[PDB]
Ligand SMILES: CC(C)CCC[C@@H](C)[C@H]1CC[C@H]2[C@@H]3CC=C4C[C@@H](OC(=O)CCC(=O)O)CC[C@]4(C)[C@H]3CC[C@]12C
Ligand SMILES: CC(C)CCC[C@@H](C)[C@H]1CC[C@H]2[C@@H]3CC=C4C[C@@H](OC(=O)CCC(=O)O)CC[C@]4(C)[C@H]3CC[C@]12C
Ligand SMILES: CC(C)CCC[C@@H](C)[C@H]1CC[C@H]2[C@@H]3CC=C4C[C@@H](OC(=O)CCC(=O)O)CC[C@]4(C)[C@H]3CC[C@]12C
Ligand SMILES: CC(C)CCC[C@@H](C)[C@H]1CC[C@H]2[C@@H]3CC=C4C[C@@H](OC(=O)CCC(=O)O)CC[C@]4(C)[C@H]3CC[C@]12C
Ligand SMILES: [K+]
Ligand SMILES: [K+]
Ligand SMILES: [K+]
Ligand SMILES: [K+]
Ligand SMILES: [K+]
Ligand SMILES: [K+]
Ligand SMILES: [K+]
Ligand SMILES: [K+]
Ligand SMILES: [K+]
Ligand SMILES: [K+]
Ligand SMILES: [K+]
Ligand code: NA
Ligand code: NA
Ligand code: NA
Ligand code: NA
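Right under this line is the structure:
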């Protein structure tokens, strides 16, 4: 069914029917960084080609006007530029001058004013377009989101008993020897609902408690961790039976944010579970082993889960039964 | 009337009558980045032109003193620099040397000491001014605040009933396929007040509760969201009637902060509502539709709002009426 | 007296008698950025001068060995490099080759192997030292802390009554048209104390409540603000009389942190008050004026304060008197 | 014994048996930055050498085909490139063209089409590989984690009485004249445990209270500080006797995070204590001295600790004894 979030992070939403599009041209840098590579290269070449052509054109015009083309065959009458007759020669000179190569077969002289004022503008413009092009490139190459490709989440989550408390649990793990600095995790329930006055809301978001009160969510991630949300009176699962579970339609979205270690940027990873991944009455398998002063991880059992024994009642019923017993 | 915040973000304040102005010259980089473009280009050219002129001047002087100008017509007596007689020639040589072009029609020799010690200084100075100029440029081009141009807020907000609770609501939406990482929202009331001892305060700021206690304000922004503040005993709207609303003079300022996804910088967007946008007894229109495994947004109804039925009493009165009823 | 913090931010502490100094050479970049300018320039020149000399030396040796110096006067017998006889010539060639100038009066040939393998190493080394030198420079030029030079604090703070509550107040203001993103403020009391078992502590730090509970400290800074800490049962001023104030010895340190708007870095400003700035029974003067759709700030009255009437008793006494009255 | 964290920060964990390895090739930048230097230099040279060879090859082919090698000895018949006959000549020309040197002994002409379209591609490719190589280098040189080398922690921590409260204390200090902006500290207990249903957990993490509730953990670090966790009913040390301490097996991990001052990146330092560093009944030695308007630190007594008198009972027993006494 429609998930609203794919199992890897991509979201299923189509922004359509926008009127004010000039906004895209106001922050041209972000639109430039968001495009694919096939287009970035195209724009790069086009800009560099247009800038070179325009300045070659200006050079050719400044030459023709001066009248150098009418005295190409003459020892005296020093011209503006040396060995510059054809249209191609000017293009070559412009390329050789802007990229800072300067072979030296065709050189500028000191008896042609306004050549200096053209060279100045060309040199400045070339230095301005270089940083803008190279900065865009670097920015696009070194973005942080790619790190989220190596932050493994877990399979279908589980619901089980723990110290007389019903809990919902899932697993998260890393995949490198570096560190995620200042990591943190949160989780939201998405499920349509209707108010008591008539209003209908397509999709409602509600936070789930994972340790935001006791500061227990700022996790220290080295080995695979198991996150667990306890079911209490404030949780949206306060009244859910083992048989009533498949009859509902909801979704759980989990988000993990942190900072890369090499650079200092922020990265984010997402995941979701719909209804067919909430397995009732199971446990995860241990993955840590101790060998000669080291701890070995398996990663072959990262998703493996086994079965156990668990009551089949809503936590509200569990409380009543307990309370009554205590009283009597 | 005076809003103290324009409907798009600009603030109406004039900082005047400052004495210690040298502070502006202590952090010259920020003042350089804050200026417009028309001036940045001017400064760029002026600096580059002055640096080139000064070094050309030094070259011309070092030459004249040596006495090369007195033996321009002589095969022997190797000079300091080749083909360097006029003042223009030195300027050309300085340009060609600092920007790293080096045509080769005029070259340095190896029988003129102190030429090396001048070339060293020139090369270092040129490399120091290049990074400072290019870094300023890049910094100014790639700033994050421009992203705030594509973060749409909503029109006049609404006040309506919800599950027997009076609530104040407004709407926020995105405009791209990227993500705002670690987003968050807050809101402040601005309204003049007089203490109980005589002191008068021009403008007072007071926070409004939007979910700071339960961690419900760290929103996950994909589709247009509706933010809602519940009116309870702690809210500054505890005693406000439908007829008494237009008789007051206040303002609500809303702020949203986050991190761009491409880079790792922070961006902020603001908005305000004065008194003529607090519409009593209305609702927003749904904007989500489901089509063939995708969710389509409209954005043509983003501002559209319709009317409904709602009591006309202050929440304090609503409580009393309820309490009394329950009792009896 | 010894303040432990100067009125502008500098701290009076001397780190002495360190044994393991090699730590400074482990993070050589921070030590490089922390030095003054006079030394940075020196290191820059020395590195560039040593790198050029070493490679010129290698070139001169590779030439002498080949035996080119023994056939300087010969048309045939193509040498390794052209016009390279003296020691100075090699230095010039190395400079011209590493900085990417390439005049062309002395050129490499294609009949001298190992010249390519030297040019490769030279080109790579030069490109590696260039980014390291230019990056250090840029980093040092564009640091954020300089912004703290334009974040004005206030003069001696005040203590006064407000709605039957004793409060301690001071003032903070900006000095630009930009914005401080995600600003926040905190304050600590520093005062020596002796436990009840014998231990003596030189200087003790204790936080002061300024709005950390209700999220009221995340301020929105446009015009000069007045920060106010209410004196309640949990404040270290619970028992302090008007006459007993000058008899104590304490200090208050205030800290404000935020993010610059142009870049995305973090900046911090500090200030302190000792005992002679806590003025009892005063108020600040308004600074805002309204003129033709704008709000004008004065900044000539930013420090001006006037006098008023206030009881002279500790807040504990104020409570007792009130309680007793209410009872009777 | 196995510590799970070394006394300096390195962690003892071996990630093994991974199946999907292509993930490493999806975020090639992080893998490039994570390697050692010995390999980075190797990759740098290999890339630069391959790029130069390929383009030299293309040049040699474009020349041979044109038929220039068959008319090397002819005054007329202008060729494509000048003085380009052997395979080495093309390599030299490619090097001289891509690195922007341009000696000028061998030059391009204006009667050989497709030379421009080759030069364009070469120039663009060279500018794209330059920023990618130099950016990687700079990124690797200027990383923040190195600062953690100069953030001294303390030796074995202590447990002692303070105002009738049992507390656990340790020490932290800096080592420079700069500042750590927005510092903060946290601490976790690691110790295996078995639930009440059969499940066994290898290593369990549980937060320890250090001031997260009153905002007292956001420390202002100038001189050596002493962090102290009070033992109350909610602490995992609620039932631990002086004799029962060595009989347990646990570990305490301490983490400190902040922002460097020069740049704006985030740094993190870690440390651990196992069981043999929890010394019962001791105190630290003062390290501050006052001299002529300055505060001198010693750093020779940073680890020195002395002995004192303290009861030997669990805090639970201390409470009972007190309660009983009060009652009677
Ligand atoms: C060799 C590099 C350093 C410089 C020159 C490379 C470009 C001239 C080439 C490389 C791949 C080519 C692209 C391959 C992909 C396409 C898609 C192709 O067909 C489509 O656009 C279908 C719709 C779509 O692809 O989105 C149109 C040409 C184009 C843009 C090509 C544009 C020219 C590109 C970018
Ligand atoms: C072509 C580029 C790469 C290099 C050279 C461009 C500059 C020489 C030109 C471009 C626009 C010109 C500016 C256009 C705007 C103005 C405003 C004009 O009148 C005013 O200043 C009125 C008050 C105001 O504009 O704020 C004075 C000249 C000036 C600064 C001009 C300065 C010279 C500028 C920056
Ligand atoms: C012109 C620039 C682009 C390149 C060459 C500049 C340097 C050669 C000059 C500029 C100022 C000179 C410095 C001026 C200050 C001093 C302090 C002077 O006396 C002291 O050191 C006293 C103690 C102290 O200054 O801390 C010693 C020389 C030195 C380092 C000089 C070193 C050489 C410096 C950096
Ligand atoms: C002089 C610089 C600017 C350019 C050329 C330097 C490289 C050619 C040299 C410098 C040190 C050499 C390395 C020294 C270390 C080694 C380890 C050596 O033996 C091993 O690999 C054992 C296992 C291990 O080292 O991890 C293999 C060669 C290699 C990679 C060498 C590769 C070539 C290196 C990087
Ligand atoms: K950052
Ligand atoms: K950053
Ligand atoms: K050249
Ligand atoms: K060059
Ligand atoms: K040349
Ligand atoms: K030449
Ligand atoms: K941050
Ligand atoms: K060049
Ligand atoms: K950069
Ligand atoms: K933060
Ligand atoms: K909190
Ligand atoms: Na890891
Ligand atoms: Na979006
Ligand atoms: Na401001
Ligand atoms: Na310090």
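Residue numbers (this note's numbering), protein chains in the order written: chain A, 81 to 408; chain B, 81 to 408; chain C, 81 to 408; chain D, 81 to 408.
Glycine included, each C-beta is placed from N, C-alpha and C at the ideal position.
What are the residues that DSSP puts in a beta bridge with residue 309 of chain B?
Counting from 1 along the second chain, the entry for residue 309 of chain B is found at position 229. The partner list for residue 309 of chain B (beta bridge, DSSP) reads B/248.
Listed in chain order, which residues of the segment 211-243 of chain D have Cβ atoms closer than 7 Å to some Cβ of chain C?
214, 217, 218, 221, 222, 226, 227, 229, 230, 241, 242 and 243
Between residue 344 of chain B and ligand 5, is there a pair consisting of the residue's CB and a ligand heavy atom that are separated by less than 6 Å?
Locating residue 344 of chain B in the second chain gives position 264, counting from the first residue. Relative to the non-hydrogen atoms of ligand 5, the Cβ of residue 344 of chain B comes within a distance shorter than 6 Å of at least one.
Cβ closer than 8 Å: which chain B residues qualify as neighbours of residue 274 of chain A?
Reading the first chain from its first residue, position 194 is the one you call residue 274 of chain A. None at all; the shortest Cβ gap to chain B is about 11 Å.
Does any residue of chain C have a CB that is nearer than 7 Å to the CB of residue 195 of chain A?
Sequence index remark: in the first chain, residue 195 of chain A carries index 115 (1-based). Using beta-carbon distances, residue 195 of chain A does not count as an interface residue toward chain C, since no partner is under 7 Å.
Here's the rule I'm using: 16 or more other beta-carbon atoms within 10 Å means buried, otherwise exposed. How should residue 193 of chain A be labelled?
On the first chain, residue 193 of chain A is found 113 positions in, with the first residue counted as 1. Looking at its Cβ environment, which holds fewer than 16 other Cβ atoms inside 10 Å, residue 193 of chain A is exposed.
What residues from chain D crowd round residue 206 of chain B, counting only those whose CB sits closer than 8 Å?
Residue numbering aside, residue 206 of chain B sits at position 126 when the second chain is read from its first letter. By Cβ distance, chain D contributes nothing, its closest Cβ being about 15 Å from residue 206 of chain B, past 8 Å.
Relative to chain D, which residues along the segment 372-392 of chain A have a C-beta separation below 7 Å, given in chain order?
373, 374, 375, 376, 377, 378, 379 and 380
Evaluate residue 259 of chain C with the Cβ neighbour count: other Cβ atoms within 10 Å of its Cβ, from every protein chain shown; 16 or more gives buried, anything less gives exposed.
The residue given as residue 259 of chain C occupies position 179 in the third chain. The residue is buried, with at least 16 neighbouring Cβ atoms inside 10 Å.
Please work out which residues of its chain come closer than 7 Å, Cβ to Cβ, to residue 237 of chain D, disregarding the five sequence neighbours upstream and downstream, and give them in chain order.
In the fourth chain, the residue the question calls residue 237 of chain D occupies position 157. Cβ within range, chain order: 248, 249, 250, 353, 357 and 358.
Would you call the segment 162-177 of chain D in contact with the segment 135-152 of chain D, where contact means no fewer than 3 C-beta pairs closer than 8 Å?
yes
The beta strand (DSSP E) with residue 434 of chain B in it runs from where to where?
Nothing can be reported for residue 434 of chain B, as the shown portion of chain B is limited to 81 through 408.
Quick check on the burial criterion: 16 or more other C-beta atoms within 10 angstroms. Buried or exposed for residue 429 of chain D?
There is no way to answer for residue 429 of chain D, as the model of chain D reaches only from 81 to 408.
Following a CB-centred definition, is residue 254 of chain D positioned closer than 6 Å to any heavy atom of ligand 19?
Counting from 1 along the fourth chain, the entry for residue 254 of chain D is found at position 174. Residue 254 of chain D: yes, Cβ under 6 Å from ligand 19.
Using a C-beta to C-beta distance shorter than 8 Å, which residues of chain A count as neighbours of residue 337 of chain D?
One-based indexing of the fourth chain puts residue 337 of chain D at position 257. The answer, in chain order, is 261 and 262.
Pick out the complete beta strand (DSSP E) segments inside the segment 190-214 of chain A, 3 residues or longer, and give them in chain order.
none
Report the start-end ranges of each beta strand (DSSP E) in the segment 249-277 of chain D that is 3 residues or longer and not cut off at the edges.
261-270
Would the beta-carbon of residue 147 of chain A be found less than 6 Å away from any heavy atom of ligand 7?
Locating residue 147 of chain A in the first chain gives position 67, where the first residue counts as 1. Every heavy atom of ligand 7 is 6 Å or more from the Cβ of residue 147 of chain A, so no.
Show which residues of chain A have a CB atom less than 8 Å away from the CB atom of residue 166 of chain C.
As a first step, residue 166 of chain C is located in the third chain; it is residue number 86 there, counting from the start. By Cβ distance, chain A contributes nothing, its closest Cβ being about 24 Å from residue 166 of chain C, past 8 Å.
Taking 6 Å as the line, does the beta carbon of residue 180 of chain C fall inside it for any heavy atom of ligand 8?
Locating residue 180 of chain C in the third chain gives position 100, counting from the first residue. Correct: residue 180 of chain C has its Cβ closer than 6 Å to ligand 8.
Where residue 394 of chain A and residue 318 of chain A are concerned, what is the direct C-alpha to C-alpha distance, given to the nearest angstrom?
Position 314 of the first chain, counted from the first residue, corresponds to residue 394 of chain A. Position 238 of the first chain, counted from the first residue, corresponds to residue 318 of chain A. Residue 394 of chain A and residue 318 of chain A: Cα-Cα distance of roughly 7 Å.
Is residue 336 of chain A near ligand 1, going by C-beta to nearest heavy atom under 6 Å?
In the first chain, counting from the first residue as 1, residue 336 of chain A sits at position 256. No - ligand 1 has no heavy atom lying nearer than 6 Å to the Cβ of residue 336 of chain A.
Name, please, each residue of chain B whose Cβ falls closer than 9 Å to the Cβ of residue 94 of chain A.
Mapped onto the first chain, residue 94 of chain A falls at position 14. The CB of residue 94 of chain A comes closer than 9 Å to the CB of 371, 374, 375, 376 and 377 in chain B, given here in chain order.
Which residues in the same chain have their Cβ closer than 8 Å to the Cβ of residue 183 of chain C, if we skip the five residues on either side of it in sequence?
The sequence position of residue 183 of chain C within the third chain is 103, counting from 1. Counting only Cβ-Cβ distances below 8 Å, and skipping sequence neighbours, we find 176.
Do you know offhand how far residue 445 of chain B's Cα is from residue 129 of chain B's?
Any question about residue 445 of chain B goes unanswered here, given that chain B covers just 81 to 408.
What whole-angstrom Cβ distance do residue 269 of chain D and residue 281 of chain D have, given they're in contact under 8 Å?
In the fourth chain, residue 269 of chain D corresponds to position 189, counting from 1. In the fourth chain, residue 281 of chain D corresponds to position 201, counting from 1. Contact flag wrong, Cβ pair sits at about 13 Å.
Helix, strand or coil for residue 88 of chain D? Go by DSSP, reduced to three states.
As a first step, residue 88 of chain D must be located in the fourth chain, where it is residue number 8. For residue 88 of chain D, the secondary structure class from DSSP, reduced to helix, strand or coil, is coil.
Cβ closer than 7 Å: which chain D residues qualify as neighbours of residue 279 of chain C?
Sequence index remark: in the third chain, residue 279 of chain C carries index 199 (1-based). Ordered by position in chain D, the residues that pass the 7 Å Cβ test against residue 279 of chain C are 363.
What does residue 363 of chain B pair with, by DSSP beta-bridge criteria?
Counted from its first residue, the second chain places residue 363 of chain B at position 283. DSSP lists B/386 as partners of residue 363 of chain B.
Can you look up residue 349 of chain A in the DSSP assignment and give me helix, strand or coil?
Here residue 349 of chain A is taken as the residue at index 269 of the first chain, counted from 1. Three-state result, residue 349 of chain A: strand.
Buried or exposed: where does residue 338 of chain D fall if 16 or more other Cβ atoms within 10 Å of its Cβ makes it buried?
By one-based count along the fourth chain, residue 338 of chain D stands at place 258. With 16 or more other Cβ atoms within 10 Å, it is buried.
Give a yes or no on whether the minimum CB-CB distance between residue 187 of chain D and chain A is below 7 Å.
Residue numbering aside, residue 187 of chain D sits at position 107 when the fourth chain is read from its first letter. At least one chain A Cβ lies under 7 Å of residue 187 of chain D.
What does the alpha-carbon distance come out to for the pair residue 117 of chain A and residue 310 of chain A?
Counted from its first residue, the first chain places residue 117 of chain A at position 37. Counted from its first residue, the first chain places residue 310 of chain A at position 230. One C-alpha to the other measures close to 46 Å.
Over what stretch of residues does the beta strand (DSSP E) that includes residue 328 of chain D continue unbroken?
What you label residue 328 of chain D is simply residue 248 of the fourth chain in a count that begins at 1. Annotation for residue 328 of chain D: no beta strand (DSSP E) segment contains it, and DSSP assigns it neither H nor E.
With distances taken Cα to Cα, identify the nearest neighbour of residue 208 of chain A among B/121, B/231 and B/112.
Here residue 208 of chain A refers to the residue found at position 128 of the first chain. Closest by C-alpha distance to residue 208 of chain A, out of B/121, B/231 and B/112, is B/121.
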